[PDB]
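Novice: could you work out the structure for the sequence below:
(chains A, B, C, D, E, F, G and H, ligands or ions: 45)
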Amino acid sequence: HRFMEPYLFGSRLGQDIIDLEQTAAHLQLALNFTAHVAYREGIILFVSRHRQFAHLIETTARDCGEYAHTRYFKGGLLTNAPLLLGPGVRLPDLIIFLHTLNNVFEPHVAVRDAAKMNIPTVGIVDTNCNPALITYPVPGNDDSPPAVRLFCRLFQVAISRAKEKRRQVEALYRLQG
Amino acid sequence: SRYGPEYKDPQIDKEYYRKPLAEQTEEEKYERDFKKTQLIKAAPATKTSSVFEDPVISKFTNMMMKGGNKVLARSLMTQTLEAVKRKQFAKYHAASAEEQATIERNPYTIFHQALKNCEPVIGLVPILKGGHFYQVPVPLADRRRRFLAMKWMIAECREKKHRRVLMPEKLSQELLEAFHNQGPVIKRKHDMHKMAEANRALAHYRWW
Amino acid sequence: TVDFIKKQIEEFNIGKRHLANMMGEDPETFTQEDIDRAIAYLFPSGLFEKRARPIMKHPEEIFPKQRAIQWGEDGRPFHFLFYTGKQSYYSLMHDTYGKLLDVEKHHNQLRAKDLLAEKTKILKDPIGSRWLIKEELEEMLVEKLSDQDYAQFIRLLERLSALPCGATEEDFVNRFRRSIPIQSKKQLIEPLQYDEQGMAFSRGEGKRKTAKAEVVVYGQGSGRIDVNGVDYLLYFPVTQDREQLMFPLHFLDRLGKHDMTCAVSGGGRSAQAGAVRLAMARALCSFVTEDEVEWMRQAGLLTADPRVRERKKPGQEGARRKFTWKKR
Amino acid sequence: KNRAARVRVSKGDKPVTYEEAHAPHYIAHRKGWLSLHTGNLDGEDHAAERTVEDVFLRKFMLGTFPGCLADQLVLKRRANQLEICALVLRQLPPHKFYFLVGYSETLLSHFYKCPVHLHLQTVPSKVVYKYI
RNA sequence: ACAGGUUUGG
RNA sequence: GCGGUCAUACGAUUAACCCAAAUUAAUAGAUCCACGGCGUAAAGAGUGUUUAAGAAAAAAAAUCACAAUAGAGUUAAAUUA
RNA sequence: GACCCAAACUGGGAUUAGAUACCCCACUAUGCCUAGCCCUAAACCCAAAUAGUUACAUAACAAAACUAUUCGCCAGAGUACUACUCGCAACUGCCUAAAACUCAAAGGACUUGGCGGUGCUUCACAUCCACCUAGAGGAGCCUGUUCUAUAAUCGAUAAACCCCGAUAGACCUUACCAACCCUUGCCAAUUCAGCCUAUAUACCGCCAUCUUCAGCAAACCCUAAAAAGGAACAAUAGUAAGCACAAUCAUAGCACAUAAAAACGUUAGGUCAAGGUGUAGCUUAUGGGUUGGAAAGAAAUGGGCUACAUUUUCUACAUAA
RNA sequence: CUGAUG
Ligand SMILES: [Mg+2]
Ligand SMILES: [Mg+2]
Ligand SMILES: [Mg+2]
Ligand SMILES: [Mg+2]
Ligand SMILES: [Mg+2]
Ligand SMILES: [Mg+2]
Ligand SMILES: [Mg+2]
Ligand SMILES: [Mg+2]
Ligand SMILES: [Mg+2]
Ligand SMILES: [Mg+2]
Ligand SMILES: [Mg+2]
Ligand SMILES: [Mg+2]
Ligand SMILES: [Mg+2]
Ligand SMILES: [Mg+2]
Ligand SMILES: [Mg+2]
Ligand SMILES: [Mg+2]
Ligand SMILES: [Mg+2]
Ligand SMILES: [Mg+2]
Ligand SMILES: [Mg+2]
Ligand SMILES: [Mg+2]
Ligand SMILES: [Mg+2]
Ligand SMILES: [Mg+2]
Ligand SMILES: [Mg+2]
Ligand SMILES: [Mg+2]
Ligand SMILES: [Mg+2]
Ligand SMILES: [Mg+2]
Ligand SMILES: [Mg+2]
Ligand SMILES: [Mg+2]
Ligand SMILES: [Mg+2]
Ligand SMILES: [Mg+2]
Ligand SMILES: [Mg+2]
Ligand SMILES: [Mg+2]
Ligand SMILES: [Mg+2]
Ligand SMILES: [Mg+2]
Ligand SMILES: [Mg+2]
Ligand SMILES: [Mg+2]
Ligand SMILES: [Mg+2]
Ligand SMILES: [Mg+2]
Ligand SMILES: [Mg+2]
Ligand SMILES: [Mg+2]
Ligand SMILES: [Mg+2]
Ligand SMILES: [Mg+2]
Ligand SMILES: [Mg+2]
Ligand SMILES: [Mg+2]
Ligand SMILES: [Mg+2]
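Specialist: Numbers count the residues shown, from 1 in each chain, chains lettered A, B, ... in the order given. Ligands and ions are numbered 1, 2, ... in the order given. For reference, the structure is listed below:
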C-alpha cells in the first residue's frame, strides 16, 4: 500500500521488510493506551475478519473479559446501534483490530464506523493495509501464527495488568477513608 | 390428481409375487419397495388380474368408447371378437386339410397381428421454417405408433361404412384385411411412408 | 417484560385454584387436561380455528421466550459475544469449535501413544435420530436464526460426529437430536372370529365413490357371493363388475374356498363393485398369511379410492369446463 | 378486489379492533357472529322479523350512545327475553349512564312487547388488536 | 450582482 | 403560464400590498459576454515547412532489427481466354 | 492502354398491398497502368505543438488531474456544410461565410421504469408447438345484443359486454309513452315534502382485470451526494414492526386436490337506477295518482337446446329381447 | 424469409 512506505525498512528480494524500531515505538503507545482504557473501565472490542485465528481471538477476549467480533460484521452495527443491539446500548470505548482487511482484501467496515462514531482504534497493519483512519497503528505481520499469537498475548497481559492495578488502587481507596 | 406424488403404481401381475425366490435382482427391489413407506394407488376398475384380458384390447375398447358408455364399448368389442371367430371358423370348415393347418382362429393373435401390420414405422411432424410448414420425417415412439395404428382403423370403420352395417360387422372384416395386409388402413400406412420418403430430404430440419 | 410475566403467573395460579373450586375437583390434582376440559365446557366457543378458542395455560407457553437483559447497570454487556448480533448462536458455534479442537488434540495424542479405545457412535439408524430443524433451534436459542448459519452449524455437528467421540462430547451432541413417529404402514389384521358355532368368520368394510359395502366372509364354505339377498350374477349383470369381484379372489387363489355375503348401498354399479371389492379385500386379510396381504396392498386391494366427484364452481359448467370465452 | 367488511390498510398507524381486523371470510373460523337467534336454523321461521329488529336496535343504540360506543352490539335472544351487550367508553358519567340504560330498558320493552336486558361494559379506550 | 424564475419522469 | 362548471391568474365587489401628485405602459439608455473554455455540450482547424512575430528564464540530446517513398525487374496460391 | 474478378446504374427473377430495397443472375461506369486535374472524409485516437509534475484534487461518462511559452478556434438553438463576395484547370464543385424570421429553450452526461421482430440460460402442463377428446362458425328453435320501425325506458356494450343488472316484464313490477286528476302533497313539525334529473370525470358502499405475480411498506443506518441504490454465506452495509405470500382454517381422519384468500397500485374500468350522497338543476312540476299501450322484423351477430342417425329409433325393461 | 400505422 502507498501509505506503508514510511513504515518499511526495505525490500528483501520482492518481499517488503517492516522495520521493528518503529514497530516497537508504536506498540508501546498502543499497549499504553489499551491499558489505560482498560484501567478506566472501558469496553474493549477485539475485531478481526480472518478465518484462521478467530477462535484464538475469541478465547483471548474471553480470558481478557473484553468483547470480540470475528464473524461477519453487520451493516449498521456501530452506526445503527440503538436498532441493531438494543434500545439503549453502550458503544465500545476501544476497538483493537487484529486483521484490518476482511476476506475480500478490502478495508474493514468498523475501521470506518469507529472513525464515524469517534471511537479510538488500535490496529495491526500489514504492508497492504490502510492506516489513515486507525488511531494507533502498529506496523507488523498479521498472517503468521506466532505473529498473531504474540500480539494477542501482549494485549492479554496488558488488559490483565490494567484491571489488576485498578483493583489494587481501589483496595487502597478503601483504606484512605 | 387426488393421489400425491408419493403414491406409486400398483403391480397386478400375480406371477411376479408368487415366485420371488427365483431371482435375487428382484428381491433387493421388492424388499425395499415397502420399507420406505411407499403408498400405492388403488387398482383401476378396468385393469384386473384376469388372464383373458389384454391391455391392447382394453386400450382399443377405451378408444372406441363414446362418452362414457363403457358397457356399450365392451359389447362392441366382444361382438367383434365373436364375429371374427365365426368368420374364421366358416373358412376353416370350408377349406381343405392343407389350409386348415395354416388358418388361424384365435382372435387375439390376429387382432395383435393386424395392429402390428398397420403400425407405422415413421411419421411426419410439421416444422415451421421460412414461414412455411414442412412435413419432416420423424421416428415415432412405441405408444404413438400403436395409438396411430388403432386410431386409423377406428376412424376408417366409423365413417367409411354403410348405415345398415354394424360396428362389429365392419370391424371383423377390416381386422382380417389388416391381418392379410390388404386393407385401406395398410394403404394409409403406405401413403404415410411414401410421403415420408418424398420428404426424406427435409430430415435435416429436425434438431432432436 | 420480566415482571409482567411474573404477575401473570400468580394470576394464573389464582385462576387455577378458582377454576378447580368452581368445577368441584380437588385443586391439588387439577392438571392441564382438566383445565382445558373445564374451559371447553364453561366457554363453549364453536370456531373452526383451534387457536381462536378460549384458552388458559401457564404464561410460559402463551408468551414467547423473552430475551434476558444483556448489560448491567453500568452498561457493560454480560456475554463476550454481545457485539456480534447473535450472542447465543455464535457462542454455541464457538463452544462446538472449542470441543472439536479438544477432540482433535486428544486424538492426536492418542495416536501418538498408539491407543484406540473409541468407537463409531454416529450411526443412530435403529434409534431413529435426526437433526434439529430451524424452528427447533429458534426455540432453544431465543434470538432469531437464518438458513445459512443453521446449515453451517449442522455441517459442523457432522464434522464433530465424524471424529473419535469422547465422553462429554456425546451427551452434548445428543441434545441436538430428535427421535422420529413409527415408520411402519403395516395395517392391523383382524383376528379370526367364531360366532354361533361358525368357524373362519371375518368381516370387512369398504367405501368408494359414495358407496358403503360391508362384507362377511366364511372360510369354510364353497365359492359364492350373496349381496342384498340376491346372487352376484343377477346383481352385477355387467361382466366388468363381476370381474371386480373376481379380482381380489383370483389374487389369493381362494375362488372355490370361501363363501361371502355382502351389503352394499349408495352409488352406482361400478362404485358398488369397487366398494365391495375393497371390503372383500380388507376382509380376506384374516384368512391369509402376512406375506400375501402385503402383496394385496402392493397390488391395490387394501387401499381406498379417494377419487370423488369435484364440486361444480360458480361461473363454470362442470367444475373444470369454463364458459365459451369470447375474445372480442 | 374484495372490499366487503374490509378496512383498508393505511401507512401503519390506524387503530383497528379485533372484529374489524378480520375479513368476512373468517366468520365462524376466527371470529363469531354479533347476534344469536333461532330464526336462522333449518326448520325455523320468523327470521326477517329478527333481522329488522336487530338492525333497528343497532341504529337506535348508535344514536342513543353517540361517540362513546366502542364496538358493535351483541344481541342475544334466549326465551322471549332479548339481551343487549355493549362496550361503552367512560366519557359519560354514571349518573347519565344509568338514566340512559333505564330509559332504553323500558322503551325497547314497550316497543317490542318483550322483555329486554341491557348490559354495559365500560372500557378506558377502544381496544387495539392489530397495529396502532 | 448577494442574485432569482425558466430546458427535463427526475 | 391561466381559462372546458367550486378561476386567490379573465370581468365586477369586498379586503389587502406598494408607491404617491404622481402611477403604470412603450421605447431608448446606464449596467451586463471571455484573464472563461476547445474528448462527449461551440471550439485542437487533414498534414508538414517557412516569413513576420514571440518564448530561449537550471542542465541535458542528435542515428539505427521490422510494412516510409519513387523507379526497374520477378511470381507461389486462386481464377480465366 | 488493360479488363481475371468484383461492382454504382440498368435489365430480368423472388418477397410484398406496393419493393423503382434487403435475397438470386447478367452486365456497364468504376476499381487496374501513364500523364494531367479535383483537394473532400466519423482526414477522429472527436484529446494542438514544445518542455515537464504526480503536488491541490473525483460535475457525470470517457483516455486521471495539472503546469510554463505559444498558435488556431468557440459569444443560445433552427435558419446554415445556406444566400451574397473573393479566390481556385474545380462551371450540379471547393474554401471563406451571414442576415430576416421562429422559440425559450437547444444541448452533454446520468438515475429509475417501460419496451425490444437483441443475446444467453431456465420454463409453459390445458399451454406455445409436437399430440388427444368434445364443440362453435352450416339447419331449426330459445335467448341477449347491433340495426331499420313506432308515442314508447335505462345502464353494460376490448380482454374484464352479449341467458349481462334480471336467482327473471299481461295490470303491479316499470324508472317509457298517450290521455286524464292533485298540488305544504307518506312523516310530529319545518318559506317544507318529493325528483329513477345531470355529473361513476366528486364519492362511499360493492366488484372486474393484471392475479395463485409477489410485491407494498412505517422507523432507522450507509454512500468522497444521494435522480437513486443497498447483495456476495469460505459473505463486500444493511437491521426492519406491519400488510401480502406462506401456514392455518372448510369439503367432519390424515396426504393430495378443490374451495377460500390474494397486499399496494393500473385501467378517471362498471354501478347516481341496491342504498345514502358533494356540486349544479325542478316545486300548480324534471313532483304525486288512474286507464290504455310499449309493437314488428329488411338484416347481421354472441351463447345455449335439439339433431343431422346404425355406438341409430320405438317398446317392455338395469344393460342377454 | 416476410410483417405498416395509432
Ligand atoms: Mg497481512
Ligand atoms: Mg359437462
Ligand atoms: Mg433538453
Ligand atoms: Mg366562479
Ligand atoms: Mg400577475
Ligand atoms: Mg382579477
Ligand atoms: Mg460563455
Ligand atoms: Mg464538438
Ligand atoms: Mg488533429
Ligand atoms: Mg474538415
Ligand atoms: Mg509508377
Ligand atoms: Mg483476355
Ligand atoms: Mg469493366
Ligand atoms: Mg459479376
Ligand atoms: Mg429488379
Ligand atoms: Mg483515418
Ligand atoms: Mg476534430
Ligand atoms: Mg499547431
Ligand atoms: Mg455518482
Ligand atoms: Mg445565430
Ligand atoms: Mg462538404
Ligand atoms: Mg456552398
Ligand atoms: Mg386450449
Ligand atoms: Mg352438441
Ligand atoms: Mg348455428
Ligand atoms: Mg336496452
Ligand atoms: Mg350506454
Ligand atoms: Mg373493457
Ligand atoms: Mg300502468
Ligand atoms: Mg308494464
Ligand atoms: Mg319521474
Ligand atoms: Mg370509475
Ligand atoms: Mg418476498
Ligand atoms: Mg434509499
Ligand atoms: Mg419486514
Ligand atoms: Mg382437515
Ligand atoms: Mg396444501
Ligand atoms: Mg378462487
Ligand atoms: Mg393463503
Ligand atoms: Mg369512465
Ligand atoms: Mg358508463
Ligand atoms: Mg340517488
Ligand atoms: Mg343516471
Ligand atoms: Mg338471433
Ligand atoms: Mg354466459
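Novice: and stretch B:199-208, which residues are buried?
Specialist: B:202, B:205 (16 or more other C-beta atoms under 10 Å in any protein chain shown). Quick note: C-beta positions are derived from backbone N, CA and C, even for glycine.
Novice: quick one: end-to-end length of it, please.
Specialist: End-to-end distance for stretch B:199-208: 17 Å, by C-alpha to C-alpha, to the nearest Å.
Novice: after the helix or strand hosting residue C:245 comes which helix or strand?
Specialist: According to DSSP states H and E, residue C:245 maps onto helix C:239-252. Using DSSP H and E, the helix or strand that follows helix C:239-252 in sequence is strand C:259-265.
Novice: partners of that next one in the sheet?
Specialist: strand C:212-218 (antiparallel), strand C:224-227 (parallel) (DSSP bridges).
Novice: helix or strand next in line after that strand, which one?
Specialist: Following strand C:259-265 toward the C-terminus (DSSP H and E): helix C:269-283.
Novice: quick check: buried residues in that following helix?
Specialist: Within helix C:269-283, the residues that count as buried by 16+ other C-beta under 10 Å are C:269-283.
Novice: residue A:96 bridge partners, please.
Specialist: What pairs with residue A:96, by the bridge criterion (DSSP bridges), is residue A:46, residue A:122.
Novice: could you count how many residues lie near it?
Specialist: For residue A:96, the number of neighbouring residues by other C-beta atoms under 10 Å in any protein chain shown comes to 31.
Novice: once you drop chain neighbours, what's closest to residue C:128?
Specialist: Excluding the flanking residues, the one nearest residue C:128 by C-beta to C-beta, 6 or more residues apart in numbering or on different chains is residue C:180, at 4.7 Å.
Novice: ok, now which ones touch residue B:119?
Specialist: Neighbouring residues of residue B:119 by C-beta atoms under 8 Å, 6 or more residues apart in numbering or on different chains: B:145, B:146, B:148, B:149, B:189.
Novice: now swap in residue C:82 and tell me
Specialist: A:67, A:85, C:70, C:71.
Novice: hmm, 6 Å instead?
Specialist: Taking C-beta atoms under 6 Å, 6 or more residues apart in numbering or on different chains, we find residue C:82 in contact with residue C:70.
Novice: what does residue C:88 give?
Specialist: Residue C:88 makes contacts with C:141, C:143, as judged by C-beta under 6 Å, 6+ apart.
Novice: ok, which stretches of the chain are strands?
Specialist: Because you didn't say which chain, this covers chain A. In chain A, the strands defined using DSSP state E lie at A:8-12, A:15-18, A:44-48, A:67-69, A:94-99, A:121-125, A:136-139.
Novice: chain C, not that one
Specialist: In chain C, the segments counted as strands under DSSP E are C:129-131, C:177-179, C:201-207, C:212-218, C:224-227, C:230-231, C:259-265.
Novice: including mean neighbour count and distance to residue D:68, could those go into JSON lines?
Specialist: What follows is these, written out as JSON lines (neighbours: other C-beta atoms under 10 Å in any protein chain shown; distance: least, C-beta to C-beta, whole Å):
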{"stretch": "strand C:129-131", "mean neighbour count": "14", "distance to residue D:68": "57"}
{"stretch": "strand C:177-179", "mean neighbour count": "11", "distance to residue D:68": "54"}
{"stretch": "strand C:201-207", "mean neighbour count": "19", "distance to residue D:68": "58"}
{"stretch": "strand C:212-218", "mean neighbour count": "21", "distance to residue D:68": "59"}
{"stretch": "strand C:224-227", "mean neighbour count": "18", "distance to residue D:68": "71"}
{"stretch": "strand C:230-231", "mean neighbour count": "11", "distance to residue D:68": "75"}
{"stretch": "strand C:259-265", "mean neighbour count": "19", "distance to residue D:68": "61"}
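Novice: which one of those lies closest to residue B:86?
Specialist: Proximity to residue B:86, assessed across the strands of chain C by C-beta to C-beta, is greatest for strand C:230-231 (30.6 Å).
Novice: that closest one: partners in the sheet, and parallel or antiparallel?
Specialist: Applying DSSP bridges, one finds strand C:230-231 paired with strand C:224-227 (antiparallel).
Novice: ok now the strand it pairs with, how far from the chain's centre?
Specialist: Strand C:224-227 has its C-alpha centroid displaced from the chain centroid by 39 Å (C-alpha atoms, centre = their mean, to the nearest Å).
Novice: helices along chain A, start to end?
Specialist: For chain A, applying DSSP state H gives helices covering A:21-39, A:54-64, A:81-84, A:110-116, A:145-175.
Novice: ends of stretch C:116-133, how far apart?
Specialist: End-to-end distance of stretch C:116-133 (C-alpha to C-alpha): 34 Å.
Novice: which residue does chain A have closest to chain C?
Specialist: Chain A approaches chain C most closely through residue A:90 (3.4 Å), counting by C-beta to the nearest C-beta.
Novice: great, nothing more from me.
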